[PDB]
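K.L.:
You'll find run_5.pdb just under this line, and it carries PDB, N, CA and C atoms.
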ATOM      1  N   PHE A   1      44.606   4.643   3.130
ATOM      2  CA  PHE A   1      43.508   4.294   2.250
ATOM      3  C   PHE A   1      42.708   5.548   1.932
ATOM      4  N   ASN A   2      42.316   5.686   0.667
ATOM      5  CA  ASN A   2      41.451   6.778   0.244
ATOM      6  C   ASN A   2      40.305   6.221  -0.579
ATOM      7  N   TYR A   3      39.110   6.736  -0.317
ATOM      8  CA  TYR A   3      37.956   6.412  -1.134
ATOM      9  C   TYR A   3      37.147   7.682  -1.322
ATOM     10  N   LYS A   4      36.485   7.773  -2.469
ATOM     11  CA  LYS A   4      35.809   8.997  -2.862
ATOM     12  C   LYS A   4      34.762   8.650  -3.904
ATOM     13  N   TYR A   5      33.555   9.166  -3.712
ATOM     14  CA  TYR A   5      32.500   8.970  -4.688
ATOM     15  C   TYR A   5      32.766   9.833  -5.919
ATOM     16  N   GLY A   6      32.068   9.518  -7.004
ATOM     17  CA  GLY A   6      32.355  10.172  -8.262
ATOM     18  C   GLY A   6      31.249  11.067  -8.770
ATOM     19  N   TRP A   7      31.315  11.387 -10.062
ATOM     20  CA  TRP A   7      30.334  12.280 -10.663
ATOM     21  C   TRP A   7      29.000  11.578 -10.876
ATOM     22  N   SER A   8      29.031  10.304 -11.287
ATOM     23  CA  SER A   8      27.792   9.582 -11.560
ATOM     24  C   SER A   8      27.032   9.268 -10.281
ATOM     25  N   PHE A   9      27.737   9.170  -9.154
ATOM     26  CA  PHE A   9      27.065   9.119  -7.861
ATOM     27  C   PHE A   9      26.334  10.426  -7.586
ATOM     28  N   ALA A  10      26.983  11.555  -7.881
ATOM     29  CA  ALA A  10      26.323  12.849  -7.756
ATOM     30  C   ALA A  10      25.265  13.039  -8.831
ATOM     31  N   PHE A  11      25.434  12.390  -9.984
ATOM     32  CA  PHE A  11      24.403  12.445 -11.014
ATOM     33  C   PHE A  11      23.185  11.631 -10.599
ATOM     34  N   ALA A  12      23.409  10.484  -9.951
ATOM     35  CA  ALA A  12      22.295   9.692  -9.440
ATOM     36  C   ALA A  12      21.668  10.345  -8.215
ATOM     37  N   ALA A  13      22.440  11.165  -7.497
ATOM     38  CA  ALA A  13      21.897  11.881  -6.349
ATOM     39  C   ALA A  13      20.909  12.961  -6.781
ATOM     40  N   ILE A  14      21.278  13.770  -7.777
ATOM     41  CA  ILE A  14      20.420  14.869  -8.210
ATOM     42  C   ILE A  14      19.233  14.329  -9.005
ATOM     43  N   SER A  15      19.406  13.165  -9.647
ATOM     44  CA  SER A  15      18.313  12.507 -10.361
ATOM     45  C   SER A  15      17.174  12.087  -9.438
ATOM     46  N   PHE A  16      17.464  11.853  -8.157
ATOM     47  CA  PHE A  16      16.402  11.699  -7.171
ATOM     48  C   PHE A  16      15.602  12.985  -7.012
ATOM     49  N   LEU A  17      16.281  14.133  -7.067
ATOM     50  CA  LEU A  17      15.654  15.393  -6.683
ATOM     51  C   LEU A  17      14.671  15.879  -7.740
ATOM     52  N   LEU A  18      14.964  15.626  -9.016
ATOM     53  CA  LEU A  18      14.055  16.061 -10.070
ATOM     54  C   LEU A  18      12.902  15.083 -10.252
ATOM     55  N   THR A  19      13.095  13.825  -9.857
ATOM     56  CA  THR A  19      12.048  12.825 -10.031
ATOM     57  C   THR A  19      10.917  13.035  -9.033
ATOM     58  N   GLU A  20      11.260  13.278  -7.769
ATOM     59  CA  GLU A  20      10.242  13.436  -6.738
ATOM     60  C   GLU A  20       9.555  14.789  -6.840
ATOM     61  N   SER A  21      10.270  15.800  -7.335
ATOM     62  CA  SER A  21       9.679  17.126  -7.479
ATOM     63  C   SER A  21       8.665  17.159  -8.613
ATOM     64  N   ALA A  22       8.857  16.320  -9.632
ATOM     65  CA  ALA A  22       7.878  16.248 -10.708
ATOM     66  C   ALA A  22       6.624  15.505 -10.273
ATOM     67  N   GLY A  23       6.765  14.518  -9.384
ATOM     68  CA  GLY A  23       5.600  13.786  -8.911
ATOM     69  C   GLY A  23       4.703  14.626  -8.024
ATOM     70  N   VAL A  24       5.281  15.621  -7.350
ATOM     71  CA  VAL A  24       4.477  16.646  -6.694
ATOM     72  C   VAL A  24       3.702  17.440  -7.734
ATOM     73  N   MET A  25       4.374  17.812  -8.822
ATOM     74  CA  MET A  25       3.720  18.547  -9.896
ATOM     75  C   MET A  25       2.844  17.632 -10.742
ATOM     76  N   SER A  26       3.103  16.321 -10.718
ATOM     77  CA  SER A  26       2.234  15.377 -11.414
ATOM     78  C   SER A  26       0.884  15.231 -10.731
ATOM     79  N   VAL A  27       0.844  15.300  -9.400
ATOM     80  CA  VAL A  27      -0.437  15.350  -8.705
ATOM     81  C   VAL A  27      -1.065  16.723  -8.876
ATOM     82  N   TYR A  28      -0.245  17.779  -8.826
ATOM     83  CA  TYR A  28      -0.727  19.130  -9.107
ATOM     84  C   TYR A  28      -1.252  19.280 -10.528
ATOM     85  N   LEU A  29      -0.694  18.540 -11.487
ATOM     86  CA  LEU A  29      -1.296  18.508 -12.814
ATOM     87  C   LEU A  29      -2.631  17.779 -12.775
ATOM     88  N   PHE A  30      -2.749  16.769 -11.912
ATOM     89  CA  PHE A  30      -4.040  16.120 -11.721
ATOM     90  C   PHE A  30      -4.977  16.988 -10.889
ATOM     91  N   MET A  31      -4.461  17.620  -9.823
ATOM     92  CA  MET A  31      -5.315  18.365  -8.892
ATOM     93  C   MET A  31      -5.920  19.607  -9.531
ATOM     94  N   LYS A  32      -5.289  20.137 -10.578
ATOM     95  CA  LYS A  32      -5.898  21.253 -11.290
ATOM     96  C   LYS A  32      -6.850  20.766 -12.374
ATOM     97  N   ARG A  33      -6.567  19.607 -12.974
ATOM     98  CA  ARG A  33      -7.370  19.141 -14.098
ATOM     99  C   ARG A  33      -8.518  18.231 -13.666
ATOM    100  N   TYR A  34      -8.437  17.618 -12.480
ATOM    101  CA  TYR A  34      -9.611  16.950 -11.920
ATOM    102  C   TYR A  34     -10.682  17.960 -11.532
ATOM    103  N   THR A  35     -10.272  19.178 -11.182
ATOM    104  CA  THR A  35     -11.226  20.264 -11.015
ATOM    105  C   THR A  35     -11.770  20.722 -12.365
ATOM    106  N   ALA A  36     -10.969  20.589 -13.428
ATOM    107  CA  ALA A  36     -11.353  21.108 -14.737
ATOM    108  C   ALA A  36     -12.436  20.268 -15.404
ATOM    109  N   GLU A  37     -12.653  19.041 -14.942
ATOM    110  CA  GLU A  37     -13.707  18.201 -15.502
ATOM    111  C   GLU A  37     -15.040  18.467 -14.812
TER     112      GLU A  37
END
Now, as a test, write the supplied structure out as structure tokens.
P.N.:
Amino acid sequence: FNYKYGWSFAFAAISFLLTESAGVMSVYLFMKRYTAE
């Protein structure tokens, strides 16, 4: 028996990495602009 994940599994894997990294920068976009008010 052989089983192996594919490209879209790896595409869904890396899609986690860019989503959470932007939310860090999304608070950082707030943390710089809440000071700006």
K.L.:
Could you check how far atom N of residue 13 (chain A) sits from atom C of residue 29 (chain A), in Å to one decimal?
P.N.:
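Answer for the atom N of residue 13 (chain A) to atom C of residue 29 (chain A) separation: 26.5 Å.
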K.L.:
Could you tell me how far CA of residue 14 (chain A) sits from CA of residue 2 (chain A), in Å to one decimal place?
P.N.:
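Result for CA of residue 2 (chain A) versus CA of residue 14 (chain A): 24.1 Å, one decimal.
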K.L.:
Mind giving me the straight-line distance from atom C of residue 6 (chain A) to atom C of residue 22 (chain A) in Å, one decimal?
P.N.:
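So the answer is 25.1 Å.
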K.L.:
Could you find all residues in chain A that DSSP calls helix (DSSP H, G or I) from the backbone, and write them as a PyMOL selection string?
P.N.:
chain A and resi 7-36
